[PDB]
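Enquirer: This is the structure I have questions about; it appears just below.
Protein chains in written order, with the deposited numbering: chain A, 5 to 49; chain B, 9 to 97; chain C, 98 to 145.
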């Protein structure tokens, strides 16, 4: 009933038969969006 | 979702180190191409040239064939280069 | 990946962790050290 048990059960459920290299898209025709941005910690040299 | 099924099927019993040719007598054709991003450095004192190079390698085998009309008209799918054979140049 | 590298890491190498939301959203924020190449134009030195 603790949060850790629930998160572990969820992680076990949603990683059952998932492949990594499969490009995750609803359909093959549909495309994905990648919102992109940067931040500068320091200008080294 | 069909790409996942095709990938799962074609990596069933594909080995990496087995040279992918039908008959042992037959050879492969490794088409080769070169491209230069920038001539980074030419250190003449040490006689060393550091270049940024794109290597284009083209080949084909038999085990990775399929039928595009069986998987909702897919012809070009990605795969990681780590899992397949790779001629060492 | 960046196309303007000069003797450096093409991609991020730390591979930190990422956040997932229940709706399927995912966010990722790795640090990196990049080495790009500039067309250094030195005419008004040093007021450049």
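Where is the CB? At the ideal position from N, CA and C, for every residue including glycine.
DSSP beta-bridge partners for residue 39(B)?
Expert: 66(B), per the DSSP bridge assignment.
Enquirer: From 61(B), 75(B), 96(B), 73(B), pick the residue whose C-alpha is nearest to that of residue 103(C); which is it?
Expert: Of the listed residues, the one whose Cα sits closest to residue 103(C) is 61(B).
Enquirer: With 9 Å as the threshold, decide whether the Cβ of residue 44(B) is near any Cβ in chain A.
Expert: No, because no Cβ of chain A sits closer than 9 Å to the Cβ of residue 44(B).
Enquirer: If the cut is a Cβ gap below 9 Å, which residues of chain A does residue 87(B) touch?
Expert: Neighbours of residue 87(B) on chain A, chain order: 25.
Enquirer: Measuring only between beta-carbons, confirm whether residue 60(B) sits less than 9 Å from chain C.
Expert: Taking Cβ atoms only, chain C reaches closer than 9 Å to residue 60(B), which makes this a yes.
Enquirer: Can you tell me whether residue 11(B) is buried or exposed? The criterion is at least 16 other CB atoms within 10 Å of its CB, across all chains shown.
Expert: So residue 11(B) ends up on the buried side.
Enquirer: Is residue 103(C) helix, strand or coil when you go by DSSP?
Expert: Three-state result, residue 103(C): coil.
Enquirer: Give every residue of the same chain whose Cβ lies closer than 7 Å to the Cβ of residue 128(C), excluding the five residues on either side of it in the sequence, and list them in chain order.
Expert: Hits under 7 Å: 111.
Enquirer: Which first and last residues belong to the beta strand (DSSP E) in which residue 116(C) is found?
Expert: Taken as a continuous stretch (DSSP letters only), the beta strand (DSSP E) holding residue 116(C) covers 115 to 117.
Enquirer: For residue 124(C) and residue 115(C), what's the separation of their Cα atoms in angstroms?
Expert: Approximately 6 Å between the Cα atoms of the pair.
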